[PDB]
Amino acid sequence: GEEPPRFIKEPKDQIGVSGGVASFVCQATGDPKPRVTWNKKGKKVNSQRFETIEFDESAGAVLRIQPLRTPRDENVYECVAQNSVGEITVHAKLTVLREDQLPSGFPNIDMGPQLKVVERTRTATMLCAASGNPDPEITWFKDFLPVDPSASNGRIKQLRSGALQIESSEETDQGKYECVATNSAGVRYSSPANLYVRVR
């Protein structure tokens, strides 16, 4: 009844903007079920601008850096997965550009999401118009954690337009949403938008 840890979600190198945000996502499995931790050069990652959000019983961890500082935050970071029969490591590098030195094709948020208010049970759609070259792929974060529409059992859909849609809004859907535009050139976060649900 034992299996060493293995990464099922590995963090990727990122290129962010000064003042913006970067989130590295790391997740592992194994038996016993492992914990994952974020470190830098062996030391635990934890400061005012560096927060970790654990999920999946701590077998998952998001490292959110905000606001980004250059060149302070330009480093390699480590996600360490550990259980009783193994400890493994994956690396993710962070690059931080000044707004001044952004390449022309760097993702830009033409129109980010706004404060959303919706009557419980009704559909709420939050828009995100992003530009870039290549055309950025759009993802969303809720309360610092990545949203996964496909794993939402149909409660949440990402539209072809990049918009996030809640099919039948419940109180649980309230929170702080951010859209993220990512391409070969780097990553840019929209300003956050809160979603509030009002009584039916």
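The first residue of the shown sequence is 1; numbering continues from there.
**Q** Tell me which stretch has the larger mean Cα B-factor in this entry, 80 to 88 or 105 to 113.
**A** Stretch with the higher mean C-alpha B-factor: 105 to 113.
**Q** Mean C-alpha B-factor higher for 164 to 172, or for 37 to 45?
**A** Stretch with the greater average CA B-factor: 37 to 45.
**Q** Compare the CA B factors listed in the entry for 60, 67, 32, 136 and report the winner.
**A** 136 has the highest C-alpha B-factor of those listed.
**Q** Going by the entry, which third of its chain does the Cα temperature factor of residue 197 land in?
**A** Lowest third of the chain for residue 197's C-alpha B-factor.
**Q** Which third of the chain does residue 13 land in by C-alpha B-factor: lowest, middle or highest?
**A** Highest third of the chain for residue 13's C-alpha B-factor.
**Q** Considering only modelled residues of the same chain, in which third does the CA B-factor of residue 120 rank: lowest, middle or highest?
**A** Within its chain, residue 120 is a lowest-third residue by C-alpha B-factor, going by the deposited values.
**Q** Ordered by C-alpha B-factor within the chain, which third holds residue 25? Give me lowest, middle or highest, please.
**A** Lowest third - that is where residue 25 ends up once the chain's C-alpha B-factors are sorted.
**Q** Considering only modelled residues of the same chain, in which third does the CA B-factor of residue 52 rank: lowest, middle or highest?
**A** CA B-factor rank for residue 52: lowest third.
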